[PDB]
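Here are two versions of the same chain, shown separately as structure tokens and labelled structure 1 and structure 2.
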Structure 1
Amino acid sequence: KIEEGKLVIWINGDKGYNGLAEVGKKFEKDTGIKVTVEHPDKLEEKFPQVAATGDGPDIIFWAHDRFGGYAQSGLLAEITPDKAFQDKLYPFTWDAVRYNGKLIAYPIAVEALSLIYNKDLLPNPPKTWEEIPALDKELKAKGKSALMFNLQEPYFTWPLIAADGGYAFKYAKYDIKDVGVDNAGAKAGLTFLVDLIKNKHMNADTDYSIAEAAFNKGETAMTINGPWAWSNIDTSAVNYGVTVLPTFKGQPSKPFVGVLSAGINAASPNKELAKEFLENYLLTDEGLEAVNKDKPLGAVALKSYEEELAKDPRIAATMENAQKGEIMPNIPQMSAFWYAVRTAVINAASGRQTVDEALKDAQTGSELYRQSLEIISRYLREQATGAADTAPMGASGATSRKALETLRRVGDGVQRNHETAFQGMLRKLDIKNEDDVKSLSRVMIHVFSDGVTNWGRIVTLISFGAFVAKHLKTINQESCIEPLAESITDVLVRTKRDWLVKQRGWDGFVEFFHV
């Protein structure tokens, strides 16, 4: 599906895509290979959908956080630069694009949010979130507002949510069992935001465009944005500074740090062309300058050029915020985490849910994959061997234990009553190895995805997995069970995410079958 002898590149509409296209023309000069740069809407949602069918761009640009998802689904080429090239970029940038030990992208630039303030309105920007209300009242008396930023994307609100002890996945590797979305710190940050809105210091409908227009016209004294934004402010002749984000309850705002990264599509027939492009045209002083001059990249991964721009106090401020922040995890569940928190912030801001209701649903949504896997993996393995897993359930272990106990009753019942259809389907598929299992997964993915949503169909999906798992054990294919459990889990949580959260996840399963 992807055309050989050219390069199609996807990059977000806020990045320097005219600059990248100029690096594209220089490549075409040397090679006679045309480079098309596109910035489609939602490209971070479209890439996984199209790339799975062997379609999409040759190169996708996004922050590193989405790339583990892409790599796990087999959508990215392993990149293998030689030592001489690896040494040209900061090790910590390479770390951002490492997944299960393999480099899955080229790092381009380190991004963090800063407080951007209009020096003519606000000579001294506020050190604390707590002083922004009184600053707003002072500025409204003069026909201005204190602060506007994008309330539609949780990336911009996260630094406040995280300040007093909100976190996504705990680090001390990343404990995926430990989600800090509905703890006291997260509640405190989101409550402060909702109070700002309730008190008319901010408007819940403010998005990227409205904040940018209002700051760049000198109507609001402050915004929160990344380096990409600076170009448009330079154009506006607002006298702006870039500074440390305000503290909350005495603690730094903790922005989620992104490394803008360039991944090669696994389905691309143009991998050597993509590698030559990214290594020897883009990731050079001249290539990054071309992009940076269009929309600023931040602290670039390329040591030689980072040194040249390091003296810029806007970069200095970006790295001060990044140091108070945390590098985003690249784990496959990041997409689910962001979707959950996006919904929680929009709903709390709008009044559709209270902060407690919004962050509860977000915690459920963020924990959904790992919780579902634990139940589904334990059911298939204990069905297959006749022996339960001794290891303790961990956090939400009561939910997991009671869901496992319910599924034992209800799942054993479907395997007994539907033995005929299950044996029939198992006998048709000639399951004798991991290849046969992967093929089954593809079919079962289709049949489950295509049908209606209720606990019975969900039990049927998991119970068929149990039925198959018993087969795999008896034919010395036990190593195929975990990958089957991961397949079932993946399609369950991806295709029924909203319904599952609406039911309070596995608590709803336990209550629905309570007798």
Structure 2
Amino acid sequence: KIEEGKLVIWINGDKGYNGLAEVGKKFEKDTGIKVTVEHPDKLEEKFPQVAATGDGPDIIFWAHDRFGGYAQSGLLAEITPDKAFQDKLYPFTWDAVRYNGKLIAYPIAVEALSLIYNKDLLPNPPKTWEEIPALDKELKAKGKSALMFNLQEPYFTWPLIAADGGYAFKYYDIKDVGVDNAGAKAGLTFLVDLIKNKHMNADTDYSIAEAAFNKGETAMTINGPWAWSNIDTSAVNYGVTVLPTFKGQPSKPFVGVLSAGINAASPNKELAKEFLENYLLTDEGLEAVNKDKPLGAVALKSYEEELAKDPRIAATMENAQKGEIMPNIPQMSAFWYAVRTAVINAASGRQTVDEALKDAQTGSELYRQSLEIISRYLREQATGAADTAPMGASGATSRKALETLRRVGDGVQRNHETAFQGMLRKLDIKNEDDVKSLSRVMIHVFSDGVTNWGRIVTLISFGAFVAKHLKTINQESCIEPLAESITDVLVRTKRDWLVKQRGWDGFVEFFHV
């Protein structure tokens, strides 16, 4: 389905895609291979959908946080640069694109948000979030505003949520989610108060913040290096500086490494490797991209040493040091989807902060909590003995849901025994190969009919039935993969329903005696 003897590249519409296209033409001049650069909308959502059918671009550019999901789903080629090429880029940039001990992409550039301020309106930018309300009252008296930034993407609000102790995954313990802790609450409450007190507008997006800053209407924005080009063109006298503190603590931006992955379905992997290693990741390659839209602190040592004298890059790295490198684990997609919704709902008043972050903590934890319950149930059903290990400090839900599933699922296996035996005989489950096939079937069976807990119990009960069979034919090793597939089916297709029901607390409530 992907065309051979050509390279299609996807990169986000805020990056230097014209610069990338020049590196494309320089690859074409020397090889006669034509490089097409596209910047589709929602490309981080559209990559997994199309790559999963063997389609999409040869090369996908995004921050590293989305690459573990892609690698887990088999969408990316392992990359195997020799040691002489590895030594040309900073090791911590390689760490960002290492997943299960394999390099799954090429690192390009280190991205961190900074505070961007109009030196003509605000010769001394605030050191603290707390002084922005008073500052805004002062600028409003002159027909200006203190601060506008994109409230539609959680990335821009995360530094403030994280300042007083909010976090995604404790360092990575995916059992420890920091989305609804007191630190997160205090950060998002301060944001909502800025909106309530009319210092910010809940509808402000990328375009509105950018235009307001570049036209000199607002004294400050929050943005990455890519934004500096449009500000150069604007003639705004701007500075790039350390983010304001919150409760005396630094803002901690989530740090992204812009990364180039190679489609597993691509029949041009050697051309892609040749383009990325010998044309893009060179002094002339990165300069071409950088001149269009700044990359930040580039992964390439030679060229990073030239750019590091720029005070805007120094400020970028200063914000990077105070932030955290994002996790690349497959949970990150769901974490971002949850926190985006929480910030938008808290900002608009659809939900309170406590409500919004409660829903976001449930969404971020949903996968791991589902798998915990389902894997424990399938294993104990297969072996006749429960798992002895602790459920966690935050897993009282997990223990109650498993108790409910045991009580309710007891009957479902017994009543549907004849029908389960038939369906199992109608499939040929014999090894890990056959378990792959089940997902399509379960999806299709879960794709029609009504969404309720009874049907979820029926699905998991068939899972346990299969786990028992797997154990009988010495395929015990296939139980965890089966449990992952049932979890994947359940979470990927019913996420929004499950968050609505308060996830597994809902399940325990619905069948309470």
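If you superpose the two forms and keep the largest set of C-alpha atoms that fall within 1.5 Å, you have the rigid core. One-based numbering along structure 1's sequence throughout.
- Rigid-core fit between the two structures: of 427, 198, 311, 442, the one residue whose Cα shifts 2 angstroms or more is 442.
- Relative to the superposed core, residue 451 shifts its CA atom by 2 Å or more between the two structures.
- Note on residue 88: its Cα is shifted 0.1 Å between the two structures, core used for superposition.
- At residue 395, the distance the Cα travels between the two structures is 3.0 Å after the core is superposed.
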